[PDB]
Amino acid sequence: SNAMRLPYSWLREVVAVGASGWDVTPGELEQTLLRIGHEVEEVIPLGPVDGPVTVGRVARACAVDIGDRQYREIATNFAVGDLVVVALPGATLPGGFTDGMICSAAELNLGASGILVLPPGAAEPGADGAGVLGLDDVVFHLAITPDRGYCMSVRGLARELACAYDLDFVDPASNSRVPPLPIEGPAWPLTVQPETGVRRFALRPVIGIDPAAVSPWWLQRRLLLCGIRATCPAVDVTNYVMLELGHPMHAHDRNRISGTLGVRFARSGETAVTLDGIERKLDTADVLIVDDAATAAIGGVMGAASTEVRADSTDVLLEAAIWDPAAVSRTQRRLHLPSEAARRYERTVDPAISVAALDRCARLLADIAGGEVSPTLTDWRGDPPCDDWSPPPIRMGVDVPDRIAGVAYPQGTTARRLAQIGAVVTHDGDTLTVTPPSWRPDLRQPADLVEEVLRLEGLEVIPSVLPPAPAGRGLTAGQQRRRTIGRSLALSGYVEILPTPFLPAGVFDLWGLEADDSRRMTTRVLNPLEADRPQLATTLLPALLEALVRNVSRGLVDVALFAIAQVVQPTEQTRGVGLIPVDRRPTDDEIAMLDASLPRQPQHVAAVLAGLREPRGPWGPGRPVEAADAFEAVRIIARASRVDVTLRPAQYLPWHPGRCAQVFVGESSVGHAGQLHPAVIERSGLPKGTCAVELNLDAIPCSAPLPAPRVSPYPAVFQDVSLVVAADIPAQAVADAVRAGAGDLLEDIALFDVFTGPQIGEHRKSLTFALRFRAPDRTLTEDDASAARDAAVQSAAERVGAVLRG
Amino acid sequence: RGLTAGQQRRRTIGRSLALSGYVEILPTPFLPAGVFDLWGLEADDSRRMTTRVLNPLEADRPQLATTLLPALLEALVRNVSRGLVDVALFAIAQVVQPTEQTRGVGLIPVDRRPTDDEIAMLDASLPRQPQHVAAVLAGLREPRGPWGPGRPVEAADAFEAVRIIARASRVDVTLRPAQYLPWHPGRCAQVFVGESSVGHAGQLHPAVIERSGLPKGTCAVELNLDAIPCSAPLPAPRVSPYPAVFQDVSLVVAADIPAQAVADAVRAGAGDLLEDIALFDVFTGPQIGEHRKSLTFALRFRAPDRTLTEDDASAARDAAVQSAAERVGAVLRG
Amino acid sequence: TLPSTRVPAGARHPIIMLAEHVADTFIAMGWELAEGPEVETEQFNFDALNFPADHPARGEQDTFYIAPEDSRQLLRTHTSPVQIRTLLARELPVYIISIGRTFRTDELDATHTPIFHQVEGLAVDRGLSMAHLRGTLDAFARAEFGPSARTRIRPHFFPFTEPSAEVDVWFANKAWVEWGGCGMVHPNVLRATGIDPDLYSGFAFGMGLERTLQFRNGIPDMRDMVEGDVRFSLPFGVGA
Amino acid sequence: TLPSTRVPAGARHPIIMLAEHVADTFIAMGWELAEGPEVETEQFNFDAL
RNA sequence: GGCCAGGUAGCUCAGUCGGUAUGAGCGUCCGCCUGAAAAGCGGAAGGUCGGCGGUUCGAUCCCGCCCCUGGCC
Ligand SMILES: O=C1NC(=O)[C@@]2(CCN(Cc3ccccc3)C2)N1
Ligand SMILES: [Mg+2]
Ligand code: NA
Ligand code: NA
């Protein structure tokens with residue numbers, strides 16, 4: 001999780017150390033955080049309450065001392081003697097909740113079972129509840145981006161505010177703010193395997209704490225406002241320092257540690273019982289903390305119950321470690337443990353504050369629990385020991401942020417901002433050498449430095465300068481064609497939909513396809529939203545037919561839908577390629593290898609029709625959808641593509657075998673059209689007579705014809721010819737044969753009669769075409785047009801076996 | 001910034017008419033000789049107030065076009081006279097409609113920039129030149145084939161050309177009966193966008209057809225695109241998941257009542273529950289009465305948040321029936 | 001006044017029309033369009049875009065992966081790999097727009113959809129700055145939200161951009177509305193495509209079409225945009 | 001293969017299509033399209049030129 | 001990962017811990033009616049009650065698992 005919660009009082013406190021009297025409106029602070037790159041999710045205040053809300057002491061009803069000896073009476077949490085907060089009769093708790101009532105952290109709008117129990121000495125019985133609880137405070141819920149793991153604490157966010165407001169900042173992790181505890185010897189024997197990714201491991205024990213002691217109210221309150229429930233002073237300080245400095249801390253029971261501590265990779269099948277009392281199956285790529293007996297903690301995730309601080313621990317060994325971010329993120333996501341420590345370790349933690357944050361816990365623990373800080377310390381800092389945790393320096397021009405932003409910043413802006421975020425900046429002519437601080441591993445390239453200068457100066461100063469328009473070529477031929485196809489279909493009565501690539505469950509089984517059908521060879525999705533729809537679409541019809549059913553099932557029974565989208569047609573099993581190094585450009589052989597591993601994804605156009613094709617009106621009763629309407633959709637797409645198509649009968653499911661046409665462009669098959677099979681319509685719940693079209697736009701070649709027609713000024717000759725052919729002879733084949741024979745005099749040919757009957761014969765039909773002959777340079781005689789007609793008749797007899805009607 | 005809204009609309013109108021069966025031509029600005037005398041226009045007709053060219057190629061054609069119809073009809077005659085009898089033509093061009101006599105402006109010194117007032121003076125001295133769209137139809141509107149003998153051109157085809165231009169312009173138009181030459185007075189509609197007149201459509205006057213040598217039943221349409229405001233609608237449909245109710249209402253009105261006026265009265269009375277209304281019957285049988293007609297509309301009621309009962313839809317139908325009785329004098333059939 | 005429309009006109013989808021209008025806006029500014037496969041390799045969808053090895057978006061939680069496991073093949077979580085293919089195939093300078101189908105793990109409700117369309121821009125040339133990005137975003141906003149449209153950028157983070165920013169739009173037809181993201185092309189992305197970061201800079205941006213169409217027109221239920229109901233598409237007119 | 005196009009498709013004029021192709025060519029390079037009156041004053045047709 | 005609460009006709013939803021869901025509203029069909037319609041009146045069609053199994057002479061209703069939704073986390 002990228003969530004970070006802290007109250008305004010704690011954030012203002014750290015900022016006010018360097019800038020005394022600094023205080024801004026929470027609305028203004030939200031605009032400042034949102035302006036420097038921190039997304040604010042919510043700005044929730046506390047409470048509020050008024051009137052009878054005070055703190056009392058208990059003496060399961062019991063007398064509650066509301067103050068000044070005015071005892072009033074009113075679940076398993078508190079006992080006798082614990083200071084509690086009560087909304088005295090006539091309550092006004094958020095929002096409008098009106099004997100007495102012992103309030104809780106949730107009823108008062110302050111935290112998360114039982115009632116609220118203030119620690120002994122937090123407030124005299126009778127003090128103002130709103131003043132003790134600090135209800136005037138405001139909690140900020142921030143969503144920290146993964147590149148700013150240093151902002152997972154008050155230290156980082158207070159530093160960001162000091163940068164935005166140009167303030168003097170006092171690092172709460174410095175040795176002037178955290179006095180270095182003495183180092184008089186080792187704290188505990190420690191062994192570490194250097195191949196596990198640990199950068200630093202620090203240990204310091206605390207001796208003789210009071211088990212019955214509890215954390216003060218200011219410490220417990222800041223934990224609840226940050227989303228962490230208080231437990232005991234030993235654990236409360238470990239979570240409090242994590243929220244303050246960003247270095248997560250974990251407390252162990254010093255007396256419950258047997259032998260030498262050891263950071264080591266886990267083993268297969270090894271299970272460690274964490275602090276929550278749950279068995280966790282571990283992997284060989286996990287980091288652990290073990291001793292001579294069991295496992296003490298999981299590296300950077302959560303401690304184990306073997307060394308868990310109980311409610312009676314007196315000797316505590318505090319841990320300050322720096323784990324590998326990749327190993328922590330890989331481990332916490334496997335067993336689902338988004339703990340506060342794992343979320344910060346995966347975003348990297350400042351390795352230079354390990355001892356500083358360690359000494360922060362010891363002094364804070366011994367103060368509130370009455371312990372004695374041991375002057376021993378074991379600080380393993382790698383092999384060889386690392387004493388400088390600074391990242392490599394970065395070089396960039398002094399005006400690079402000015403060029404990237406397009407703003408002429410005042411001189412010294414880049415150097416001031418980079419030093420403001422904690423980087424060492426040296427000058428060498430016009431080149432800056434920038435060494436980022438140890439808490440900024442994200443700064444690695446000049447672009448990272450540019451972001452820091454631009455976000456701190458504010459992106460509002462960047463002007464709006466439209467770049468010069470390059471000499472573009474515009475829409476390609478295929479892009480223009482898809483528009484024309486969409487326009488032509490929409491103007492013909494079709495409604496476009498957005499098809500879904502996930503096929504319905506067993507759609508091809510409903511279509512009755514064979515087992516070896518190429519459309520069944522789909523691409524499966526590993527994690528689909530519906531477990532019964534993992535296969536990707538090899539055809540746009542199921543998505544269209546699904547939308548057709550949706551419209552019909554809702555009262556729209558006369559539908560004509562179309563869609564233009566790609567399909568997913570794999571040619572082999574799902575095969576991936578190896579990782580190509582990102583530090584260079586992949587060669588053309590590796591690029592072609594990447595394309596070959598991907599399934600064929602051609603762009604298809606498809607359409608479905610059902611109900612009335614033409615609606616009824618004052619002209620007539622309308623016309624139901626028939627297969628010819630699907631064939632006309634082919635012609636509409638063809639005219640939009642400026643190509644000639646031919647239709648031939650074909651048997652291709654889910655289309656009706658006697659009402660299906662295969663569309664060809666020249667000699668290449670581009671798709672099918674016609675009416676769907678009645679069995680497919682019945683099993684799929686489709687309306688009767690449903691027709692469908694689907695074409696492959698990639699198979700249709702882009703054409704750019706340049707016609708040069710010559711309008712003849714001479715009169716035309718009109719003639720009609722009737723030809724008798726077999727029933728299975730397509731009318732287009734007769735028209736093509738007549739055209740091929742008539743010659744250049746034939747200006748136009750149109751079919752206008754299809755006649756069957758006993759005068760013609762069984763399984764035969766008569767076709768009458770209207771012919772228009774015209775010469776380009778003369779007036780024709782009737783014999784001249786009849787000669788071209790007789791040649792067309794002879795050409796029809798030789799190609800389709802036509803007989804002149806007698 | 002690319003194409004303006006007007007340039008973008010001119011493309012869409014051309015595409016829609018071409019895909020609907022019309023053939024684009026380039027209209028000549030020079031009017032034919034005495035074409036307005038063939039149309040029978042009055043002496044004070046605004047279309048006669050033309051701009052004349054001093055040195056035309058043809059001395060009998062000096063006037064510039066105040067309307068696109070004469071050039072379309074001349075191109076219509078050329079196609080029909082050469083064996084192309086079933087033709088639908090359209091054109092998108094400007095006209096020249098002066099508001100005064102030809103008045104010129106003196107020579108402005110070109111050694112400087114003309115002031116904004118001098119630029120406005122040069123524009124006021126020029127005749128008004130708005131963009132017009134027009135079309136003409138003759139012969140068969142739908143050709144013959146294996147489906148049947150086709151359908152000859154009628155006035156409704158010209159009315160549909162208006163709705164094609166309207167849908168391409170994304171504007172709502174209304175058609176009203178009008179007497180405007182050269183159209184047939186009983187088959188002529190005036191097109192309105194809201195309350196502004198933008199043109200006319202229908203079948204041409206039979207006398208104008210005879211005097212001009214046009215095919216019988218010739219239809220025409222002309223619209224002023226400048227009088228049509230460029231619209232950029234932003235719809236926000238709310239698809240209701242609840243079922244609809246289907247009912248039909250048969251109303252008897254006088255023959256002169258337009259069918260759209262009845263539909264507008266039914267919608268005004270039905271309310272928000274009315275999702276769709278469509279006319280599908282115009283009956284003029286003897287049991288209806290002389291000069292009276294019966295209109296039957298298909299109604300589709302649907303609520304956005306509940307499932308209606310038959311009484312709920314009937315209550316909206318009855319309220320629609322009363323609205324028609326009050327606005328167009330409709331009587332419920334029975 | 002009798003009805004004469006014997007063939008009632010249909011309608012192109014509003015998302016397609018919005019995509020076409022977005023395309024024409026950038027074509028008018030010298031840009032071009034490019035297409036890419038929806039089933040994309042992990043090399044072009046994550047690796048070439050400076051996504052770390054253990055990035056949470058590379059898991060089975062947010063990205064539709066292709067079976068079997070560890071196949072390095074997935075449905076694209078953005079049209080950015082289309083720009084990577086353009087940066088590898090075309091010569092500099094490059095001013096291209098990618099409008100394609102995008103796939104995310106979010107369920108389909110009134111304000112989210114797993115299958116949405118987004119527009120992503122990519123400009124790489126000598127001397128491109130954030131000011132050139134903001135100027136392009138403003139011209140994009142004015143063409144889609146009116147002359148009074150203005151954009152605002154707030155610093156953010158994206159793996160393939162540095163510095164990164166989110167874009168908010170202001171339109172006087174409803175305040176600031178979250179529109180999309182942008183930023184300068186990360187030098188790692190340029191090195192992954194054989195381009196010198198010291199000689200060529202560049203910016204990028206990305207907005208969702210269903211998101212853009214939702215708050216602009218005020219469409220309440222976004223499920224009506226993808227379910228293909230005729231009652232949703234028809235009011236938007238026939239199309240261009 | 002029977003004829004099914006009951007609405008005979010028309011055609012935009014080639015000159016109009018060429019002008020549209022020419023316009024898109026320059027708009028793709030950043031240019032814009034302007035219009036003017038065919039009946040023009042002699043000041044703008046000759047004197048200003 | 002927790003008990004729960006939900007998936008039921010074309011659409012929107014009620015209802016039963018075992019033999020009939022005498023399911024509702026709207027949608028579909030027939031008759032009277034109309035030139036043809038609708039309404040009205042009078043008749044009907046249509047669900048394998050979330051899937052695979054378990055018990056039972058018999059399961060929408062009880063055991064188990066899962067598919068997908070909210071809830072509260
Ligand atoms: O949720 C989301 N939908 C989206 O399109 C994004 C917004 C834009 N982002 C892509 C991008 C980020 C930076 C530069 C260029 C493109 C993704 N996020
Ligand atoms: Mg950065
Ligand atoms: Na047929
Ligand atoms: Na034969």
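Values below: every heavy atom of this structure, side chains too, minus hydrogens, waters and symmetry copies. Residue numbers begin at 1 in each chain, while the letters A, B, ... track the order of the sequences.
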Review point. Out of curiosity, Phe51(C) CZ to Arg58(C) CZ, how far, rounded to the nearest 0.5 Å?
Key: 7.5 Å
**Study point:** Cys163(A) backbone acceptor or donor facing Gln420(A) side chain under 3.5 Å
**Key:** yes
Review point. In Å, rounded to the nearest 0.5 Å, how long is the span from CG of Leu454(A) to OG of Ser164(C)?
Key: 11.5 Å
**Study point:** Partners passing side chain to side chain donor-acceptor pair (under 3.5 Å) against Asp283(A) (at least two apart in sequence or in another chain)
**Key:** none
Review point. Do other residues, nucleotides or ligands put more than 12 heavy atoms under 6.0 Å from the CD atom of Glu13(A)?
Key: yes
Point to revise | side chain to side chain contact (heavy atoms under 4.5 Å, CB included) partners for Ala342(A), two or more places apart | key: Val328(A), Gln332(A), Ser339(A)
Practice item. Scan for salt bridge (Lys or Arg N to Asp or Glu O under 4.0 Å) pairs involving residues 241-251 of chain A, sequence neighbours excluded, and state none if there are none. Key: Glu244(A)-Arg360(A)
Check your understanding: Under 4.0 Å between a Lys/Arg side-chain N and an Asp/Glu carboxylate O for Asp147(A) and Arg347(A)?
Key -> no
Revision key, fill the gap. Rounded to the nearest 0.5 angstrom, the CG-CG distance for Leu142(A) and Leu6(A) is 6.0 Å
Review point. Of the non-hydrogen atoms in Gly246(A) and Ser153(A), which two are nearest, and what is the gap between them?
Key: N-CB, 3.3 Å
Review point. Is a side-chain donor or acceptor of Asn175(A) paired with a backbone partner of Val178(A) at a separation under 3.5 angstrom?
Key: no
Revision key, fill the gap. Nearest heavy-atom approach of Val301(A) to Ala341(A) is O-CB, 4.2 Å
Point to revise | For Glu160(A), the option from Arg155(A), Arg455(A), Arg148(A) that meets side-chain hydrogen bond (donor to acceptor under 3.5 Å, both in side chains) | key: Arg455(A)
Study note, to complete from the structure: d(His252(A) NE2, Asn255(A) CG) to nearest 0.5 Å is 14.0 Å
Practice item. Rounded to the nearest 0.5 Å, what's the gap from CZ on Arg343(A) to CD on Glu340(A)? Could you check? Key: 4.0 Å
Review point. Side-chain contact, heavy-atom cut-off 4.5 Å: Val235(A) with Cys232(A)?
Key: yes
**Study point:** Check against ring-ring contact (aromatic ring centres under 6.0 Å, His included), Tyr240(A) and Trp218(A)
**Key:** CA-CA 11 Å; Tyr240(A) 182 83; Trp218(A) 63 267; 5.7 Å; yes
Practice item. Measure the shortest side-chain to side-chain distance between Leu456(A) and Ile36(A) over non-hydrogen atoms and say whether it is less than 4.5 angstrom. Key: yes
Review point. Ignoring hydrogens and geometry, is there a side-chain-to-backbone donor-acceptor pair from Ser313(A) to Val309(A) under 3.5 Å?
Key: no
Practice item. Start with the C-alpha gap between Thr77(C) and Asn45(C), add the side-chain angles, then the distance that decides, and say whether side-chain hydrogen bond (donor to acceptor under 3.5 Å, both in side chains) holds. Key: CA-CA 7 Å; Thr77(C) 58; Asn45(C) 191 87; 3.2 Å; yes
Exercise for review: Please report the shortest heavy-atom distance between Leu161(A) and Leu29(A), naming the atom on each side.
Suggested key: CD1-CD1, 3.8 Å
Exercise for review: Verify, without hydrogens or angle tests, whether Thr274(A) (side chain) and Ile278(A) (backbone) share a donor-acceptor contact under 3.5 angstrom.
Suggested key: yes
Point to revise | CZ (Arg267(A)) with more than 12 external heavy atoms under 6.0 Å | key: no
Review point. Could you walk me through whether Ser354(A) and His247(A) pass the side-chain hydrogen bond (donor to acceptor under 3.5 Å, both in side chains) check?
Key: CA-CA 7 Å; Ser354(A) 296; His247(A) 198 299; 2.9 Å; yes
Review point. With no hydrogens and no angle check, is any side-chain donor or acceptor of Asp448(A) less than 3.5 Å from a backbone partner on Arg444(A)?
Key: yes
Point to revise | Residues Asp312(A), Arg310(A): salt bridge by 4.0 Å N-O rule | key: no
Exercise for review: For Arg381(A), enumerate each residue passing the side chain to side chain donor-acceptor pair (under 3.5 Å) test, keeping only those at least two apart in sequence or located in another chain.
Suggested key: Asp379(A), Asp387(A)
Check your understanding: Hey, is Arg256(A) close enough to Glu308(A) for a salt bridge, meaning N to O under 4.0 Å?
Key -> no
Review point. Counting only N and O atoms by type, is there a donor-acceptor contact under 3.5 Å from the side chain of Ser329(A) to the main-chain atoms of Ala326(A)?
Key: no
Review point. So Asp359(A) and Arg204(A), salt bridge (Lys or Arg N to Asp or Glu O under 4.0 Å) or not? Walk me through it.
Key: CA-CA 8 Å; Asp359(A) 297 4; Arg204(A) 179 178 295 269; 3.1 Å; yes
Review point. Is there a donor-acceptor contact under 3.5 Å from the side chain of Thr307(A) to the main chain of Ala296(A)?
Key: yes
Check your understanding: Could you go step by step and tell me if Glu162(C) and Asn188(C) meet the side-chain hydrogen bond (donor to acceptor under 3.5 Å, both in side chains) rule?
Key -> CA-CA 10 Å; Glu162(C) 189 74 14; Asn188(C) 293 6; over 6 Å; no
Practice item. Under the side chain to side chain donor-acceptor pair (under 3.5 Å) rule, collect the residues that match up with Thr376(A), sequence neighbours excluded. Key: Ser374(A)
Review point. Which class fits the ring pair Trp323(A) and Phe201(A): parallel under 30°, tilted 30 to 60°, perpendicular over 60°?
Key: perpendicular
Study note, to complete from the structure: dist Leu190(A):CG -> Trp380(A):CH2 (nearest 0.5 Å) comes out at 8.0 Å
**Study point:** Criterion salt bridge (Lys or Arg N to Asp or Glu O under 4.0 Å) on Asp286(A) and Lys281(A), from CA distance to verdict
**Key:** CA-CA 10 Å; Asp286(A) 298 359; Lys281(A) 47 181 180 180; over 6 Å; no
Point to revise | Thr32(A): partners by side chain to side chain donor-acceptor pair (under 3.5 Å), with sequence neighbours left out | key: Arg35(A), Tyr165(A)
**Study point:** Geometric cation-pi criterion, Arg159(A) with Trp439(A): 6.0 Å, 45°
**Key:** yes
Point to revise | Residue pair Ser258(A), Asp291(A): steps toward the side-chain hydrogen bond (donor to acceptor under 3.5 Å, both in side chains) verdict | key: CA-CA 6 Å; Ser258(A) 62; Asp291(A) 55 357; 3.2 Å; yes
Practice item. Give a yes or no on whether the backbone of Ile580(A) and the side-chain of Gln43(C) come within a donor-acceptor separation of less than 3.5 Å. Key: yes
Check your understanding: Do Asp253(A) and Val316(A) pass the side chain to side chain contact (heavy atoms under 4.5 Å, CB included) test, and can you show the C-alpha distance, the side-chain angles, and the key distance before you say yes or no?
Key -> CA-CA 5 Å; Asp253(A) 196 312; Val316(A) 173; over 6 Å; no
Practice item. Carefully, step by step, assess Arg416(A) and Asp166(A) under the rule salt bridge (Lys or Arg N to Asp or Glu O under 4.0 Å). Key: CA-CA 10 Å; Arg416(A) 189 182 75 86; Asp166(A) 294 318; 2.8 Å; yes
Check your understanding: Do other residues, nucleotides or ligands put more than 12 heavy atoms under 6.0 Å from the CG atom of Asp428(A)?
Key -> no
Point to revise | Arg395(A) (side chain) donor-acceptor with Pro446(A) (main chain) under 3.5 angstrom | key: no
Review point. Does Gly134(A) offer a backbone N or O that forms a donor-acceptor pair with the side chain of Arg221(A) under 3.5 Å?
Key: yes
Practice item. Quick one: do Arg222(A) and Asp236(A) satisfy salt bridge (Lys or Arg N to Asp or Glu O under 4.0 Å)? Show the steps, please. Key: CA-CA 10 Å; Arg222(A) 288 182 176 179; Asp236(A) 287 359; over 6 Å; no
